[PDB]
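Participant: Shown below is the structure under consideration.
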Amino acid sequence: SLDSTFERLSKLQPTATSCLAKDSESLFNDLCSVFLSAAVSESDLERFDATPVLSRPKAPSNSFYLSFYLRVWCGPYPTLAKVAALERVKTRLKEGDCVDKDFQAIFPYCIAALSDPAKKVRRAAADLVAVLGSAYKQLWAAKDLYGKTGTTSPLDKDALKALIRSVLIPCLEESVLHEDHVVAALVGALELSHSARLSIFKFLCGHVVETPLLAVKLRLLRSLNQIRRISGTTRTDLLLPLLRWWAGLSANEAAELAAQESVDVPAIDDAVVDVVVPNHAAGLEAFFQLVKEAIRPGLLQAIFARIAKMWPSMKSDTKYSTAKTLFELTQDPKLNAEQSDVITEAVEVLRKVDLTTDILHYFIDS
Amino acid sequence: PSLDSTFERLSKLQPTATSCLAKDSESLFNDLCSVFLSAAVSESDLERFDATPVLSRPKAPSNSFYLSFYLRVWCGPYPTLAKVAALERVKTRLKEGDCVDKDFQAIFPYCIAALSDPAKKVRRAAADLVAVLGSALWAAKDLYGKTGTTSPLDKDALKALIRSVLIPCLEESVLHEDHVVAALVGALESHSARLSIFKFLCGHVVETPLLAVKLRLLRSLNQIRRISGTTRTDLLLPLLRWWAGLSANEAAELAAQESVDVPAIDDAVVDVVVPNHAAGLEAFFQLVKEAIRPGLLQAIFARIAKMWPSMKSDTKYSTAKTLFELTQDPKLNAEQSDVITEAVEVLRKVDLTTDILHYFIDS
């Protein structure tokens with residue numbers, strides 16, 4: 001109409017559950033449908049922004065208002081709406097009531113938005129990071145942003161000033177220029193402070209585990225995954241439950257979440273499996289456990305292929321151990337009865353890899 | 001008197017028909033050769049010697065001794081002037097219409113071997129001799145004792161060797177020590193005279209006692225897997241068998257005698273076997289199961305390795321099964337043989353197939 005729908009939304013109940021949370025799913029789509037039509041007019045854009053369920057005067061108290069737009073960018077929605085959303089939050093956070101709460105939990109989504117292909121979106125997330133950075137020079141949605149939990153390992157003060165001032169703000173311009181430059185920049189940052197790399201690292205990783213946005217997981221992972229270790233803690237040591245969650249869900253379940261965000265299941269499989277580092281005993285065990293349990297085939301494939309890629313940098317003795325398991329796996333009575341593809345995939349690992357003298361003696365002696 | 005004492009001592013020695021490229025006439029050859037190396041520097045002593053009655057000019061070709069002596073001297077660890085002297089003595093001895101009735105083709109291997117010589121003087125002297133041999137069967141069953149030229153060249157095949165490959169690349173081979181082997185390879189790579197030349201060359205390589213000539217000729221023969229249905233392996237296998245038969249003593253000794261290296265031989269002998277040769281690879285496995293010199297062992301396995309990528313699809317499986325079979329052999333395991341270790345080195349170095357791996361697992 002579009003005011004008839006605007007009035008339908010007028011009589012709507014404000015809430016505190018975030019949009020990045022389970023309970024508010026049915027609400028979000030409804031609002032989001034309207035936003036996709038309202039965002040073409042600055043007039044209707046304000047109409048929408050203003051209806052009381054969004055609760056502009058309740059962000060930062062509420063965690064609803066910002067969460068809605070976070071989710072609208074980083075979502076399978078056309079460019080002008082991702083821009084519009086980034087702007088609604090950009091201008092809304094300059095208002096003054098907002099200089100007492102922290103809002104660090106937005107940076108994952110800005111970081112994500114800077115990997116976006118649309119030039120206008122990268123510039124919009126750039127501007128938004130600038131405003132977020134001017135702020136300090138406590139925590140918004142600290143435990144409610146995804147419903148049950150929020151920002152799991154918060155960012156330290158020195159780590160925050162290092163995130164903004166050392167890694168985030170200096171790379172904005174080239175990040176607007178090169179759709180790829182963000183992952184490169186963020187990796188080259190966490191590989192400027194010694195313990196700030198660690199706190200930024202943990203912070204990013206936790207948000208990657210906890211969001212429902214597969215898209216955010218991927219974009220953050222394009223960079224986060226290409227970091228083997230930082231001061232005694234491996235990225236696997238931080239992200240392994242992401243792998244256990246993703247592996248556990250059915251083919252339906254994965255196809256369905258992926259469809260909802262219009263992302264490709266294989267890309268997720270690859271990204272999830274890339275969480276495990278070479279000489280990580282527990283990550284390897286998780287791999288072997290997960291393949292013994294019934295799982296999506298593309299995931300099975302992705303896991304074994306990862307074991308292969310991991311093989312060259314596997315140390316000598318864990319190489320032997322991985323061959324022992326692969327062998328025993330070929331020899332397992334239950335999988336043999338199933339004639340599962342686990343056998344064939346395992347033998348393919350044993351082909352494609354460069355074996356060692358010791359492994360060969362294992363093969364000979366039984 | 002330059003050499004009168006020695007020449008009178010050689011006078012009293014009785015000529016024989018057992019050839020120099022044969023077994024028994026060893027100390028005799030050594031003796032004659034020692035004197036020759038000193039006699040070859042003076043034309044006076046060269047002629048005194050050439051004439052000595054035990055050499056038995058002009059009884060060659062009645063007697064296979066005279067020509068075999070100088071043959072053995074080109075292809076020996078002897079100074080340049082002595083090899084040239086021998087090449088010249090045979091050229092001169094053979095332009096003499098005394099010999100226009102016998103066929104001296106059994107000399108061509110030794111010329112070919114001689115044109116690979118580094119010293120240019122030797123190369124051109126062998127050039128002279130190839131041309132003189134070209135203007136025109138000697139020792140056919142005698143040159144090496146029990147056998148001679150085991151597979152000879154027909155009329156068309158011999159004229160093909162002379163006019164087609166030898167004499168046209170002759171001058172460039174005198175300039176370049178390399179152009180000989182190259183010329184012969186690019187020659188066997190006419191038909192099917194190629195095959196008769198091939199058999200002929202190989203027969204002399206198997207049969208000669210001159211490891212140096214075996215090598216020099218193999219530098220070429222080994223560069224040819226097959227031509228018109230016959231594998232070089234099928235022709236050279238008894239060489240491999242003989243050579244594997246030798247003790248470390250005998251190989252080091254024979255090698256010393258000609259001043260060639262046991263390893264270079266190990267290499268050339270083993271490359272005799274082409275990849276997809278059932279009987280040759282089978283021979284390898286038999287030989288390694290028997291006692292052999294380690295250098296040969298290393299070389300045999302090293303060869304199986306190199307041969308692997310060209311092993312046919314199924315033959316990879318069968319031979320990997322065989323290698324495995326060796327590693328599990330209890331008698332060798334008690335010996336803690338180096339065969340086991342070299343086999344596992346093969347099974348490591350090689351790209352396996354799913355079928356081979358399943359063989360390993362179901363083991």
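Convention: chains lettered A, B, ... in structure tokens order; per-chain residue numbering from 1; ligands numbered from 1 as shown.
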Could you name the residues that touch residue B:156 at 10 Å or less, counting only C-alpha atoms, but leaving out those on the same chain fewer than 6 positions away, as a ChimeraX atom specification?
Facilitator: /B:192-193,196
Participant: Counting only C-alpha atoms, give me one row per residue of chain B with an atom at most 7 Å from an atom of chain A, showing the shortest contact pair and its distance in Å to one decimal, sorted by chain then residue number, as JSON lines.
Facilitator:
{"residue": "B:328", "atom": "CA", "partner": "A:364", "partner_atom": "CA", "distance": 7.0}
{"residue": "B:344", "atom": "CA", "partner": "A:357", "partner_atom": "CA", "distance": 6.8}
{"residue": "B:348", "atom": "CA", "partner": "A:355", "partner_atom": "CA", "distance": 6.1}
{"residue": "B:352", "atom": "CA", "partner": "A:351", "partner_atom": "CA", "distance": 6.1}
{"residue": "B:353", "atom": "CA", "partner": "A:351", "partner_atom": "CA", "distance": 6.5}
{"residue": "B:354", "atom": "CA", "partner": "A:351", "partner_atom": "CA", "distance": 6.5}
{"residue": "B:360", "atom": "CA", "partner": "A:363", "partner_atom": "CA", "distance": 6.3}
{"residue": "B:363", "atom": "CA", "partner": "A:366", "partner_atom": "CA", "distance": 6.6}
Participant: Considering only C-alpha atoms, return as an mmCIF file with N, CA and C atoms, in the first residue's frame whatever protein or nucleic-acid residues lie within 7 Å of residue A:223, sequence-local ones (same chain, fewer than 5 positions apart) excluded.
Facilitator:
data_model
loop_
_atom_site.group_PDB
_atom_site.id
_atom_site.type_symbol
_atom_site.label_atom_id
_atom_site.label_comp_id
_atom_site.auth_asym_id
_atom_site.auth_seq_id
_atom_site.Cartn_x
_atom_site.Cartn_y
_atom_site.Cartn_z
ATOM 1 N N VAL A 183 40.326 -9.923 4.567
ATOM 2 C CA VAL A 183 40.859 -11.167 5.115
ATOM 3 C C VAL A 183 42.374 -11.075 5.218
ATOM 4 N N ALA A 184 43.027 -10.656 4.124
ATOM 5 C CA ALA A 184 44.470 -10.455 4.132
ATOM 6 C C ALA A 184 44.880 -9.568 5.298
ATOM 7 N N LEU A 186 43.319 -8.631 8.134
ATOM 8 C CA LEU A 186 43.046 -9.175 9.470
ATOM 9 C C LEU A 186 44.007 -10.315 9.840
ATOM 10 N N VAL A 187 44.382 -11.153 8.855
ATOM 11 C CA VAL A 187 45.363 -12.212 9.111
ATOM 12 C C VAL A 187 46.715 -11.597 9.433
#
Participant: Write out as a count of residues only the residues lying within 9 Å of stretch 94-106 of chain A, counting only C-alpha atoms and excluding same-chain residues fewer than 3 positions away.
Facilitator: 31
Participant: Taking 4 positions as the minimum chain separation for residues in the same chain, which residues sit within 9 Å of stretch 249-263 of chain A when counting only C-alpha atoms? Answer as a PyMOL selection string.
Facilitator: chain A and resi 75-76+212-215+244-245+267-268+295-297
Participant: What does the distance between atom CA of residue A:321 and atom CA of residue A:246 come to in Å, to one decimal place?
Facilitator: 26.0 Å
Participant: Which residues come within 8 Å of stretch 294-310 of chain B, counting only C-alpha atoms, excluding same-chain residues fewer than 5 positions away, as a VMD selection string?
Facilitator: chain B and resid 244 263 266 to 267 270 to 271 274 to 276 281 284 288 316 339 342 to 343 346 349 to 350
Participant: What is the atom CA of residue A:86 to atom CA of residue A:271 distance in Å?
Facilitator: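 These two atoms are separated by 26.4 Å.
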Participant: I'd like the contact shell of stretch 34-44 of chain B - 7 Å cut-off, only C-alpha atoms, skipping same-chain residues fewer than 5 positions apart - returned as a tab-separated table (two decimals) with N, CA and C atoms, in the first residue's frame.
Facilitator:
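Wrote it out as selection.tsv, contents follow:
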chain	number	residue	atom	x	y	z
B	49	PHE	N	108.60	-56.37	-33.92
B	49	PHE	CA	107.54	-57.00	-33.14
B	49	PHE	C	106.46	-57.59	-34.04
B	82	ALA	N	99.87	-46.36	-28.54
B	82	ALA	CA	99.78	-47.81	-28.69
B	82	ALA	C	98.45	-48.23	-29.30
B	85	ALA	N	98.90	-47.24	-32.88
B	85	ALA	CA	99.78	-48.26	-33.47
B	85	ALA	C	99.00	-49.52	-33.85
Participant: Rank nothing, just name the residue among B:70, B:144, B:29, B:200 nearest to residue B:108, using only C-alpha atoms.
Facilitator: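 Smallest separation from residue B:108 among the options: B:200.
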Participant: Hey, what does DSSP flag as alpha helix (DSSP H) within stretch 37-256 of chain B? Can you give it to me as a PyMOL selection string?
Facilitator: chain B and resi 37-39+43-50+65-74+80-94+108-115+120-135+155-159+170-175+179-188+193-207+211-221+232-244+248-256
Participant: Counting only C-alpha atoms, figure out which residue out of A:226, A:166, A:37, A:1 gets nearest to residue A:133.
Facilitator: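 The closest residue to residue A:133 is A:166.
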Participant: Taking only stretch 139-365 of chain A into account, list the residues labelled strand (DSSP E or B) by DSSP (computed from the backbone), as a ChimeraX atom specification.
Facilitator: /A:229-230,233-234
Participant: Take the selection from the previous step and output its residues with C-alpha atoms, as an mmCIF file, in the first residue's frame.
Facilitator:
data_model
loop_
_atom_site.group_PDB
_atom_site.id
_atom_site.type_symbol
_atom_site.label_atom_id
_atom_site.label_comp_id
_atom_site.auth_asym_id
_atom_site.auth_seq_id
_atom_site.Cartn_x
_atom_site.Cartn_y
_atom_site.Cartn_z
ATOM 1 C CA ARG A 229 48.410 -21.008 16.097
ATOM 2 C CA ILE A 230 48.755 -17.942 18.338
ATOM 3 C CA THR A 233 46.267 -21.936 21.474
ATOM 4 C CA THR A 234 45.357 -23.329 18.051
#
Participant: Would you compute the distance between atom CA of residue A:39 and atom CA of residue A:85? Give it in Å to one decimal.
Facilitator: 8.6 Å
